[PDB]
Structure formats: C-alpha cells, structure tokens
Amino acid sequence: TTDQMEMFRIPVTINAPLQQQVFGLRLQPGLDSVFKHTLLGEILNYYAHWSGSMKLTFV
Amino acid sequence: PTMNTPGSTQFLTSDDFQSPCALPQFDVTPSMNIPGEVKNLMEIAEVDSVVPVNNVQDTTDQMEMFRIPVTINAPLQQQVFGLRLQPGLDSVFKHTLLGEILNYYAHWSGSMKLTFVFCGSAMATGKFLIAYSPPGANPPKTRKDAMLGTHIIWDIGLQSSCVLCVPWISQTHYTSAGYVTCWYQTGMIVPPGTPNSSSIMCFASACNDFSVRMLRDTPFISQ
Amino acid sequence: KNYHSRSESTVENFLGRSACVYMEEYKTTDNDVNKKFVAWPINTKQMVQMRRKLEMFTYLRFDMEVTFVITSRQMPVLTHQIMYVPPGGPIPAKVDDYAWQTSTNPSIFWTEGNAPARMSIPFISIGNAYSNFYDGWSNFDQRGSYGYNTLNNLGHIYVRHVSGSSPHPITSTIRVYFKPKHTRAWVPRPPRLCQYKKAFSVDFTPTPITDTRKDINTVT
Amino acid sequence: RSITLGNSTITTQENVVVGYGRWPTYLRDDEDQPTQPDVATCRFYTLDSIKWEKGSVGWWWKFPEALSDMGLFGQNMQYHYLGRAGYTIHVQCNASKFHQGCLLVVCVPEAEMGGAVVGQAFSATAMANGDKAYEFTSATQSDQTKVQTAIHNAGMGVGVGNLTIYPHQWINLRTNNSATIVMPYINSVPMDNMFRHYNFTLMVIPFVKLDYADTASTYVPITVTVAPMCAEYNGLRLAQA
Amino acid sequence: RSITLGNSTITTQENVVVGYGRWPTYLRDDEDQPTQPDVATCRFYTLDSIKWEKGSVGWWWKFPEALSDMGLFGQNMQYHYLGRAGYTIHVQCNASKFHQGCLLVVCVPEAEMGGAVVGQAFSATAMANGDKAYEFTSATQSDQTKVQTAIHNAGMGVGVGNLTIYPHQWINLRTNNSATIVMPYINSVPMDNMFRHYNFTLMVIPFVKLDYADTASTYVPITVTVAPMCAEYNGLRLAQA
C-alpha cells in the first residue's frame, strides 16, 4: 500500500471481466483487521462478550 | 454492612463528628444580648473605608497618603490621579477593609463602590472628569481620549460626593483590570481670602453583594 | 450465547474504576531532603490505559476519591501525615516548615495496622467542567504555553512521616489509587491511534491506519 | 429551487445538520455582570475560494480567527473582552457531471494538534494567520516549526476515518453539492476571550481525488460562507447606585 | 423511482405486458391425481450477462431448459415428472444517452426450428445446452449439425418483421430501458414433462445496430432475470383407503 488514503477506496474500473470479484469481507467486527480500528471496533474491544446486529451501507 | 471499611479510622483534621463532653453536669452562663452581633465576614467588608490613593515614592509623613492634592495653579488638561481596580493585589486597596477580607479567600467576584468626597473650602468651584475604562481597555492618555469613554462631569460646586458603582471586579489570579482616572476640566477657582489648595478623599466598599469561595491564609502577618 | 441487553456501558461505571496511578518511596534519614517526603501533582495522564479511556470525552465533571496503601520496613507504631494542598495553597519545600502546619490543608493522620486512609476531594475548579483538551494559549499575545489552562488544575498530595526529635532509619513505600465518582461527560471524541510520547502534549509520530492482508478478495 | 437568504448580503442556495440538536441561543435564555448583545454582526462573511486540484490533500480553518479581520466582527474582538457566538457555515462547491469526487466537511470542537518534531514548540502563526486555508500534506512533516500535518491521522493522532463522530456532512459530487452545518457555542465557561482560544476547527477532507476526464476545468472552486449568529458580548458601562 | 421487488432476492427496477391477458394461476383454480404446489420456487434467477456489441445479430434462450441447472427449480425437474409453471421475465439493459439502438424482446410459444441442411437432423445440444444465449448469424448456416440461424427469417421461415404477434416489448434506448413480459402457461395438456418439451423461446433481436460514437463503452450489457411463478407438480405419496 503506497499511501494510507487509498485504504478507504475500493477500485472499480471500465476494464475487468463480467464475472470477477470486487471485494470480500468477513464479518467479525472485533478481530477482523478491516473493522479492528473503526469506531465500532474500538468500543467492542473494551468488552469480553458482545452480540447483536451491524449495518453496512455501500455508497 | 460494616464500619471497619477503609478510610474510617483516622484523624482527618476537619472532622464534623461529635465528641464526649469533658465535664458534663456543669451549667454554662447563658448568653447575653450584647450589641452588634456579627453573622458574616462580608458585613465587615460592606463598610466604607478611606483608601490611600496618594502613596508617592518619596512620602514625608504617613497622613498625606489619604489626600489627593488639588491646586489653583495647574493646566486645564492635566491628570489628577489614576487607579487600577483590582482590590486584592493593587497596592492602594491592599490594606483597606475590603482588601483584608478578600485576601483570606482564593476566589471572589462582584462589584465595588467608589465615593469621591471633596474636602476643601466652601467657596471653591470647578469641574472634573471622572472617567472609567472597561477591563480590556487601555487607560486614556489625554483628557480628550478620556471623554469619549464613560465619563461623569462632577461639579464641585453643586455636589461634593460622587458615587460610582463599578462592575466586573474579579480575582484575576499583564492583568485585565479596569481603570478610574480623573482629569482637570476647569481647574479650581476661589474668591479672595481662601486657601490655594484643597484635597479629595476616596472611599471603597463591597457594594450590594460579593461572593467569596475557598478559605486561604493571609500572606500578610508571617508566622 | 443469547442476546438480552446491557447497562455496563454507562459512562459512570465505565470511567469509575480504582486504578493505581503513582508509587514512590521515601527514607526518613538521608542526605537528600527531596527524598525525605513525597510530592505528587494530581493528574490522570501518567497511567496510559486510564488516560486513553478518559480522553474519549472532551469535558468531564467528577469528584474523585483517593485511597493510599502505605507499608514500611526497618518497632513502635508509626504515623503518617497525608496532607492535601489544594490549588493555590502553600507547598512545603523541605520536611518541617510552616507549610506543614497550615490549617487550610486537609491532612489525614493515619497510623499503621488499620484499614487504609481515604478521603474524597470534591469538584474543585471555577469552571463548569474540567477540559481534557484545550486549543489555546495562556496569553492573548499568543507567545506563552500551548494547550495548557489553569482551570483543569488539581492540587498536590504531600506525604511525610510524623517523627519525634530524631527519626528512625525506616523507609516506607506509598501507592495511590484513584477513582472518579458521579462522572458526567459531554462531547465524545475519537479514540487515540498513536503511542503517547509526552505526559502533557498531544505529540505523536504518524502510524499506518490498519494492518494489511494479501489481497482485497482474499479473506480466510 | 432557490431559497434566497438575506441578512445584509444575499446568498442564493438550495440539509441543515445542527451541531448536537442545539441551536445558537443567547445566554439570557437560561448589575454585577451585564451583557451587550450585538445584533448587527450577522451577515454572510464569504471567505476566499480555494481550488480543489487533482493533487490536493485537505484544508483547515481555525475559528474564530478566520473572521478576525472581517468587518464588525473583527472590530468587536479587539474592543470587547469576553464574547460568545454560534456560526452557520455554508460550504458550497460548483462542479459539472463529468467530475467525480467526495469531501468530508467536518466541524471539530477543540482540536489540539501536535508539533512536527516531537517535544518541540511552534508559533501561533503555524495554525492560524487570518483567513488562510492551511494545507494538510501527504507523508510526514519534518519542518520543525510546523504542525504535524499528516492527513491519515488528521494531525491529532486519531485516525481520519473516525472523524465522523463530530457534526459532519458529506459532499458527494455525484448528487448533492452543498453542506450546511449550524455549529452552536460549546465551551466549559459561559464566555471567553476570542484571541486566546480557538473554539473549533473546520476541516474539509477530500476522501476521493478529483478526476476530471479530459479538456474540462481542472479545479472545482470550494467557497466557505460563515454567518456568526446570536453573538453576545460584555457591557462597557457602569451600573446604577 | 424504484419499486424494490423482494422474493428471496431483491431486484430494484422502475410496463407489464401480460402474455394474453392471463396471469399465471394454479390448476386448482378451475386421490386419483393429487398435485403438490411448490411455493418456494419463486425468486429472481438472474441469468448471465450478454454483451451487445456493434457487430451482433441476436440471441435466444429455450425455456424451461435455461433454468435446468438453477437451484431448487433445477432439482424439481429431475425429481418430479409432470410440472407446470408461468414466468415473469425482466430484460434490462444499461446504456447512456450517447448510445443508440433498438431491441425486440419477444416470447415465442412453441417455435420449431428447421435444420441448416434441408432433410437432416441435429442434436438437442444445437438448440439448448443449459444457460447459453445461442447466437443468430447473418447470412445462411452451412454447418450440417446446426439450426438454420438466419436472422431475417428468424430461424422458422416466418419473416422477422411479423414477430410482433407474440407478446413483445420494444426496448428503444432513446427513452425506456426495461421490458417486463409476464408469460402464462400455454400448452394443450394440463401439465407435461419439463425435459421433453421446450415450452417457449425468448428471443432478443437488435433491429437497430449499436452506434456508440467515440471513446465510450463499446458494449451494452443486457441482463435477463426470470422468476418462475405459480409452479405446480405431482404428488409423490399414496392416497387413503
């Protein structure tokens, strides 16, 4: 990773096959590296038991 | 469900606990209604006190500190006196009644009252410009500058007491402080057979209410 | 596992925990007057963990309580003067001076073999809440200290060993525990993401946002 | 369509994100300490127009130092001592439909920023200096007398993705083009000196870089319009006997 | 705006052309021969995305062989013997305003297609073979084992202009971009084996070739979404004494 501001950008381009994968995620907002340091991640790591539902918006 | 909890087996030197009476079965002499009972230390500070405005570098005697000099000969634009309102650190108000009460506290705010009484001949007349500068403002350097601000034209002929209630008096522990200045406007005019000097005395009080918070020892009399 | 609900996430019982904040030793007899008593400005920016928790809020209003655990090693009972100088009080500069005899400094006298000494300092400050962060200057010429105000200041605790004419050659060790009570907090703030480098500054060195993985599509 | 706002200057525009659900309001809604509300202060003090180029990183303006040289407001800061004010900030950019980019308009209350070199001090001219849009930079800053200015940590060491706590509005060029953030007065003392303390800092951060295709304007002008609302000061006159 | 249709998958879109004014309906709306309606079959089985290139001729998908490998529907065709179903077909393409083209989305019931060489037979792999969009070709076909595939006669010998009899919808790129054709079950026997008989054939025919100007995407992706509605089968359990 060349710079740290391209981490928030998932790339989409004109040229790419019609069956190709854009991204993958594993929902585990307390141990998965993606969600580890987000707001949700930080609050969760101060506890040892937690459960519920999360919301993912893709803009 | 216990009284052996941590922090309840010590002398805290500010206990409000009740203690055994050394000699019970002793009758005390009942209180008498003596004049002038005191209920606050604030009552003391609400009594007017002569402030020593004049306190020049070379002072011959200590009774001329309460006299601001006013004379026949002096230009029409000249300054009479200057003050910096900060009744807890300014040298003028340091040892007055108001000063003494304030120095036993570490936080205080309110308003004070300054009365200027001309003690002089009964035949003198003139005008003065008692001018007030807000906390942030610089003291005026000329009478013209002073006149633009807040000013009272005190006529010595028709009045002999000018009472100025001043707000925004706070602890401020350079410093933002108000200023009270006074300027000649006409000079002193007298008829034949009258002295060529007079004086102005000054008083200070704690006005309607003040509030003092947190005890502290005085930095005056040393142990 | 099952769902249910919570009430362990309330602000009061989040930040309200007893935690060690200072530990120091002193010897009653030696050649250094500095080491004959303990000084300790009260602040909550020394224990890194405790700091991080409190810094998720900008304004805080609380009245703390301080418990001391004192032990001593080498004969008769030994007493400790645990004085509290509040902001703008006189501070002792040496063991035995008039600043110890000041009657406006709340001073516990605790002797060993009894349950720990404790007192609860109230909410001191002329402001309406302590402010963790301050984005200003000490003067309006703006040439003074940066990020420091005097309205978040707290007093000092000075501990000395009450001794006779000639002290013993004892040595003692103190530990201080600190716990907020009746906490209220206003304005939330993002968590820290850098390692602290100063105990009063907000200084940091840049660090990567998050750990890397092989490929965007790769997840295991 | 166009709800033309007038005060003493006109701004034609066409959501409001209130700071915390609190509108600016006088302290009188709650002698010794009289106050003097100045009701002539409000009006749209439009700041300079920054150019959003393709290779840009971000921008910040310290308040209320940005309006220190702006008309009546500027004058009152010099005269008066204690004063409190709330602000209505309209950040509008103008771009076509062949331009793609994203901005995070965020008002951060009390942001203390660390120095570029750890354990060094910097002057007040390194954070604010009238109306200037100070520029965040990519990578580290090694100039001793500068602020840290690393975009990814927002110059505070907090991580740039988490700035969404603070009252923020996203200007996605795809759809909307305007952000209105009504910041109320937030401080721990009723009113304070307006030179010593920088109350809040407005940051505009491009999260997606501008791509303009070919033979189109190479910059998108971002204009900031600040109107101080409900500004109160301290009285300058004596009380009655 | 967007009437989000949900079943067990979601398809966001925004007229319905009913086959002959008859909606799909159960045979029960009219022991020895019990039936078993499967109500879990419906959901949007989105097929592959064909690319509409400039030099293309047309495409066709045999039903119900296109959904022979698609989930539950596919399984039931293997298990059960006799079954009947109706279909809701959503053919949507996505194109800009600098692209020009015309398509004829037509559902043709029972289309028998002649061989490329007259008086020859061809295999079942020449018409259908799972989900594939078989391609019509310009001119004649001389490959013996292929279908005739001449676009102008539609591979049936009927003339391509007259295919407007059958339930059809025109996707003119100028205006609209979606075609919804609700095909009911049409057969001369109540229910039939779903391997032997290809009930209807969906054909998409470009009547105007795509012209995309210059430096724009060179294909327009046409996606076909089929939801089997009101599918009934035969019981697999014994009757009472």
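The first chain written gets the first letter, and so on, giving A, B, C, D and E; residue counts start at 1 in each chain.
The rule we apply is simple: contacts are C-beta pairs under 8 Å (C-beta built on N, C-alpha and C of every residue); 3 or more make two chains touch, one makes a residue touch a chain.
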- line: Common contacts of chain A and chain D, by label, are C
Query: Pull chain A out of the set; how do the leftover chains group by touch?
result: B, C, D | E
Message: Rounded to a whole Å, what is the gap between the Cα centroids of chain A and chain C?
response: 38
- request: State, to the nearest whole Å, the distance from the C-alpha centre of chain C to the C-alpha centre of chain E.
  value: 75
Message: How many angstrom lie between the centres of chain B and chain D, each centre taken as the mean Cα position?
response: 44
Message: On a C-alpha centroid basis, what's the spacing between chain B and chain E, in Å?
response: 100
- request: Check each residue of chain C and list the ones that touch at least two other chains.
  value: 190-191, 193, 208-209
Chain D residues counted as touching two or more neighbouring chains: 152, 159-162, 165
Query: Which of the chains touch, listed as pairs?
result: A-C, A-D, A-E, B-C, B-D, C-D
- prompt: Mind pulling up the chain A residues that touch chain E in the complex?
  reply: 14, 18
Message: Can you tell me which positions in chain E touch chain A when the two form their complex?
response: 48-49, 51, 217, 221
Task: Sort out for me which residues of chain C touch chain A in the complex.
output: 1-3, 8, 190-191, 193, 208-213, 216-220
Query: What part of chain D is in contact with chain C in the complex they form?
result: 109-115, 118-119, 121-124, 139-140, 148, 150, 152-153, 156-163, 165, 186, 188-190, 193, 195-199, 201
Field: Residues on chain D engaged by chain A in the complex (per definition of touch)
entry: 138, 151-152, 159-162, 164-165, 172, 207-208
